[PDB]
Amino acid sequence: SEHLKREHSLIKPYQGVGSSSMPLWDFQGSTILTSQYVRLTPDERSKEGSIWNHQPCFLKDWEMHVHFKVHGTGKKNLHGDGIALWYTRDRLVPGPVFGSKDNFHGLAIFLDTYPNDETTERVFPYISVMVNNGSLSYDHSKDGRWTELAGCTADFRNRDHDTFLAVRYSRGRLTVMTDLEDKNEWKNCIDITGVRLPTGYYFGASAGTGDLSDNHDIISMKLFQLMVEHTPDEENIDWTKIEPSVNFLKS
């Protein structure tokens, strides 16, 4: 907690919601609050909700831990659609990508609970990452097949114990880990390198329901600064002007 950045975190009872204090997040769309959780959508159809951090993040090296809960009463496979976690240029704009805008700038981590793709080769729920410069559209009907950078299957729905995600970004390495099995352990999901993201973007979370639904709750988001060396050469460039992109190792 020494490196907890409170201004980039969402922690109960949620600052400024139930008091005269100033809030640290904007609550948008279907989102509602209780003293115990932020609920982005209820288990009802055609909802879109988001939360957006007030201040841009200027940390070069960070790790976000998200305590979330996806749960509902839909029978068999009749539930959806999932949660998106954002580190993006823009904030507050609703849209078709789990409740937030398409053609975004920055990083998305999708926790997709419904296979829209009739010819999918993936097992759901499926957690994936996407990096965008404004040009790409998330093809919702194909579960973002064409724009997936990396991903993993993850059993996070309707669990009897707390479920957590970690997203770590430092020196181009993007790692996503899960804690879904009540083992107090981070299990790898995604670990990739060559990911270029600027400082000055906003953390956000969103969720959407369509003809299928689920409760999509965020209990906390805790952002930690990683103490990572950058040389005077590395430090001098303007990190706010980095264009979101990915460098790829050749075959």
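Each residue number is its position in the shown sequence, starting from 1. Between two forms, the rigid core is the largest collection of C-alphas that superpose within 1.5 Å.
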- Message: Which segment is farther from the shown form on average in 4 other deposited structures of this protein after a rigid core fit, 240-248 or 3-11, going by CA atoms?
- Response: 240-248
- After fitting on the rigid core, pick out whichever of 116-124 or 150-158 shows the bigger RMS C-alpha deviation in 4 other deposited structures of this protein. 116-124
- How about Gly18: is it missing in a third or more of the other compared entries? no
- Other compared entries missing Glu235, a third or more: yes
- Note on the structure: Ranked by mean Cα B-factor in the entry, 44-52 and 222-230, top stretch is 222-230
- Message: Which is higher on mean Cα B factor in this entry, 234-242 or 21-29?
- Response: 234-242
- Of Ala166, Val123, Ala150, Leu174, which one's C-alpha B factor is largest in the deposited record? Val123
- Message: By the CA temperature factor listed in this entry, which of these ranks top: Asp191, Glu63, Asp217, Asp182?
- Response: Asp182
- Tell me, lowest, middle or highest third: where does the Cα B factor of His105 rank within its chain? lowest
- Message: When the deposited Cα B-factors of this chain's modelled residues are ordered and cut into thirds, is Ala207 in the lowest, the middle or the highest one?
- Response: lowest
- Task: Taking the chain's C-alpha temperature factors as the reference, tell me which third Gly99 falls into: lowest, middle or highest.
- Result: middle
- Tertile call for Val70 (CA temperature factor, within chain, third-based) is the middle
- Query: Thinking about Cα B factors across the chain, which third does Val38 belong to?
  - Reply: middle
